[PDB]
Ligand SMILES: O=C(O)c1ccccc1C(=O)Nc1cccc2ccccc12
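Taking the form solved without this ligand, here's one chain by itself in structure tokens.
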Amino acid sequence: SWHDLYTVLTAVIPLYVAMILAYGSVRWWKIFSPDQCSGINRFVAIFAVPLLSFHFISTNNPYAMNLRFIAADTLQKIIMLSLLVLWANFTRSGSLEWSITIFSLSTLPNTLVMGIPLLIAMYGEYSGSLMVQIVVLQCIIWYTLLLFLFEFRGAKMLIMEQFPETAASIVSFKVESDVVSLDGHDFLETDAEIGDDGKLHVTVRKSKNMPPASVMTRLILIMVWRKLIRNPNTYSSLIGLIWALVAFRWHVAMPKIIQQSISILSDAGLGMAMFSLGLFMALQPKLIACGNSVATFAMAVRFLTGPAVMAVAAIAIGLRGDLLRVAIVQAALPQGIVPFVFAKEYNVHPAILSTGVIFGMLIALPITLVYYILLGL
């Protein structure tokens, strides 16, 4: 039909209007300076996104989750991880960075900003609830797993570089409180001291053999804790989950004054998110970053492999009806912002992820509309 297409367009165009307004304000009309845009982006990331996430999570009911949908979403990621492990361990071309980038491209779409309105327009409010559950799972688990992988890579790099031969007998790690990351952007020095028994201890502070897995486990856990304790998204997710649990357990209603206090800043989340995405689009030197072959490979992976593995897993478990379609449409969404930020901070193929987010936001309307039409027959 065409009325449903008009409803989908009505839902999706205002986001693009905000994006184009920001793009023109920076590129055509020359209104905002780069550092002013940085300040707007900082405000958005610190305030508008965490409050929107809190508002979405604290309304979701954790006692009415759809088990099979979560099972399919987890099964596709298990399939992807298995494929990556087999490719990396049993082929000379495999690498950890490529595995991380492929996992991010093929398994982490943008569900918060764009997924909820588009899926609500396409199928209804139950699709919105499913997107909320997916966002909750993504925030609690998959972002934590990405951080685990990034911290493991950083720790491996530090161990390999600092102790090419001495790292054989290391058993303990010490890190000062001033250390916040293992990216390498700062001056990290590890003093070494001989133990009484004969082993060697190392202390990490700010200015090819493997030790046993226990010490890496401890170090990675410490780093992951130190970075989760200083991230607004973790606080938003945890507080929202706890409040949702208690409120749907004891039917407790939040005070109206606190609700309005949260909403007065939560109401700016979607428009400011799209505006900041437009600012990011305008600040880039050119729309396509990596190049023709790399960009077409990334776009093909994002818009084909994700839907393909989603279909395989969904018919494998037994998803049927509109739910199945929802999964496929969820798989074809543009790639998320949080993995892009992670790739920027750890500098693991940031150009490919930037091409992903921006060009996917640009060309998701034709691709998602085509998916909707084909699944509509």
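For every residue, the number given is its place in the sequence shown, counted from 1.
Here the subject shifts to the form solved in complex with this ligand, a form of this protein not shown in this document.
Practice prompt. State the residue from 299, 241, 135, 175 whose non-hydrogen atoms include one within 4.5 Å of this ligand in the deposited bound form.
Written response: Exactly one listed residue reaches within 4.5 Å, namely 135.
Practice prompt. Name the residue from 102, 273, 149, 155 that puts a heavy atom within 4.5 Å of this ligand in the deposited bound form.
Written response: Exactly one listed residue reaches within 4.5 Å, namely 273.
Item to complete: Report yes if any heavy atom of residue 113 sits within 4.5 Å of a heavy atom of this ligand in the deposited bound form; otherwise report no.
Response: Yes, contact at 4.5 Å.
Worksheet entry | Non-hydrogen atom contact residue 143 with this ligand in the deposited bound form at 4.5 angstroms | Output for residue 143 is yes: heavy atoms within 4.5 Å of this ligand.
Item to complete: Give a yes/no on whether residue 338 approaches this ligand to within 4.5 Å in the deposited bound form, heavy atoms considered.
Response: Residue 338: contacts this ligand in the deposited bound form.
Item to complete: State yes or no: in the deposited bound form, is some non-hydrogen atom of residue 332 no more than 4.5 angstroms from a non-hydrogen atom of this ligand?
Response: The answer is no: residue 332 has no heavy atom within 4.5 Å of this ligand.
Fill in: Region of this chain that lies against this ligand in the deposited bound form, out of 299-307, 72-80, 135-143, 251-259 [heavy atom, 4.5 Å]
Partner-contacting stretch among the options: 135-143.
Discussion item. Please determine whether each residue of 26, 283 and 354 possesses a non-hydrogen atom within 4.5 angstroms of this ligand in the deposited bound form.
Written reply: No: no residue has a heavy atom within 4.5 Å of the partner.
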